[PDB]
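> Could you have a look at this structure, given as structure tokens, before my questions?
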Amino acid sequence: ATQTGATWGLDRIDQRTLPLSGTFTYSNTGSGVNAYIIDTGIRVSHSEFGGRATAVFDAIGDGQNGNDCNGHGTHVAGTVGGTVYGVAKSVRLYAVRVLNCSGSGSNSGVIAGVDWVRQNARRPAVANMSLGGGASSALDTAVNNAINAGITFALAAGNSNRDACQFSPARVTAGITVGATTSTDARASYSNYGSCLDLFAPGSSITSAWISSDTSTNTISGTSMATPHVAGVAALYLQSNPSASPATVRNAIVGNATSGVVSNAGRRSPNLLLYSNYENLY
Ligand SMILES: [Ca+2]
Ligand SMILES: [Ca+2]
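Position one of the sequence shown corresponds to residue -12 (this note's numbering), numbered consecutively onward.
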């Protein structure tokens, strides 16, 4: 299927080279795949989700019961799986709320959320963590444990224009750690960089769902916006390869990526940009 009038980040990932086509083509939809959005929640009623999003976990305890009162989680969910703004347009989406209305949360609550996904995820599964903070061996361990249980993790690199290896969970090697690019294929000014990245994806001026209403949208930037394009592609891959381990998924995403197109990628960064096209028997 080919989507016309596609937003730029989707437009970019289905092709190797610029210029943008205005189109996003996909052969799969992530039907049958489960995507756990570890974030500020999801406004599950949003039109973008068509009933495919549900709230499953909330460590904040403010009475939202997984609903998003920030926007970030909804926006991220929309990039993974929204009808118009998403990569994997039939994926199931699950709100694992570990951040509050200001996008803040205890480390303990984040670990609880990861561990909930380890124990309760429906396979095949992808988890998205567009969040981070200071180095935390406990959180690294929770993420490693969940990956060892068979769940692919997409991890934001962070937004300090620093080496990502200083941050958790970006420094978890087994997770797919994602830096941000702009529409000109430059590394975004704020993107973290370095050898803990796996690849880059579109992260600046990304349009997706928001929380002001069930038809709202917002256009924002971050490694938080890059990450869900990777999670989405992982869902596309997992629909065709439902028993694939996280190592196999990571190798398939990194091995398919477009090489050499990211400008100013930063010291020791892999010069690789997400690419969504996988071939199939006919
Ligand atoms: Ca395109
Ligand atoms: Ca990693």
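The beta-carbon is built from N, C-alpha and C at its ideal position, and this holds for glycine as well.
1. Measure the CB-CB distance between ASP150 and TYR180 and report whether it falls below 8 angstroms.
2. What residues are listed by DSSP as bridge partners for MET116?
3. Check each candidate in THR169, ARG84, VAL74 and name the one with the smallest Cα separation from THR210.
4. Does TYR23 come out as helix, strand or coil in the three-state DSSP assignment?
5. Take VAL83 and list the residues in its own chain whose beta-carbon comes closer than 7 angstroms to its own, dropping the five residues that flank it on each side.
6. Taking DSSP as the reference, what is the three-state secondary structure of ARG3?
7. How would you write the range of the alpha helix (DSSP H) that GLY100 sits in, first residue to last?
8. Roughly how many whole angstroms lie between the Cα atoms of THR245 and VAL71?
9. Along the chain, where does the alpha helix (DSSP H) that runs through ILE193 open and close?
10. According to DSSP, is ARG237 part of a helix, a strand, or is it coil?
11. If you drop the 5 nearest sequence neighbours on each side, which residues of the same chain put their C-beta closer than 7 angstroms to that of residue 278?
12. Please determine whether the Cβ atom of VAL159 lies at a distance below 7 angstroms from any heavy atom of ligand 2.
13. Tell me which residues share the same chain as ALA40 and place their Cβ nearer than 6 angstroms to its Cβ, disregarding the 5 neighbours each side in the sequence.
14. By alpha-carbon positions, which one of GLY145, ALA125, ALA108, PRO156 ends up nearest to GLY137?
15. Tell whether a beta-carbon distance below 8 angstroms holds between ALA143 and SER117.
16. Please determine if the stretch 47 to 61 and the stretch 187 to 198 are in contact, where contact requires at least 3 C-beta pairs separated by less than 8 angstroms.
17. Quick one: grab the DSSP three-state call for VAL63.
Straight from the coordinates:
1. Here the question's residue 150 lines up with position 163 in the sequence shown. Here the question's residue 180 lines up with position 193 in the sequence shown. In contact: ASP150 and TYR180 (Cβ atoms closer than 8 angstroms).
2. What you label residue 116 is simply residue 129 of the sequence shown in a count that begins at 1. DSSP, once it has assigned bridges, lists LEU142 as partnering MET116.
3. Numbered from its first residue, the sequence shown carries residue 210 at position 223. Closest by alpha carbon: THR169.
4. Position 36 of the sequence shown, counted from the start, is the residue given in the question as residue 23. In this structure, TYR23 counts as strand in the three-state DSSP scheme.
5. Residue numbering aside, residue 83 sits at position 96 when the sequence shown is read from its first letter. Same-chain partners within the cutoff: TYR23, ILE24, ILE25, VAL43, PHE44, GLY100, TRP103, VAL104.
6. Sequence index remark: in the sequence shown, residue 3 carries index 16 (1-based). Reduced to three states, the DSSP call for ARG3 is coil.
7. The residue given as residue 100 occupies position 113 in the sequence shown. It spans 94 to 107 - the alpha helix (DSSP H) in which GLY100 sits, taken as one unbroken run.
8. The count along the sequence shown starts at 1 and reaches residue 245 at position 258. The count along the sequence shown starts at 1 and reaches residue 71 at position 84. Approximately 24 angstroms between the Cα atoms of the pair.
9. Translated into positions along the sequence shown, residue 193 becomes position 206. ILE193 -> not in any alpha helix (DSSP H); beta strand (DSSP E) instead, spanning 193 to 196.
10. To locate residue 237, count along the sequence shown from 1; it is residue 250. It is helical.
11. The chain is shown from -12 up to 269; residue 278 falls before or after that span and cannot be answered.
12. Here residue 159 refers to the residue found at position 172 of the sequence shown. Under cutoff, so the answer is yes.
13. Along the sequence shown, read from residue 1 onward, the residue named residue 40 stands at position 53. So the qualifying residues of the chain are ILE29, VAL31, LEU80.
14. The count along the sequence shown starts at 1 and reaches residue 137 at position 150. The shortest Cα separation from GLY137 among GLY145, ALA125, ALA108, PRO156 belongs to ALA108.
15. In the sequence shown, counting from the first residue as 1, residue 143 sits at position 156. In the sequence shown, counting from the first residue as 1, residue 117 sits at position 130. Going by C-beta atoms, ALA143 is nearer than 8 angstroms to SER117.
16. yes
17. Start at 1 with the first residue of the sequence shown, and residue 63 comes out as number 76. Reduced to three states, the DSSP call for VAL63 is helix.
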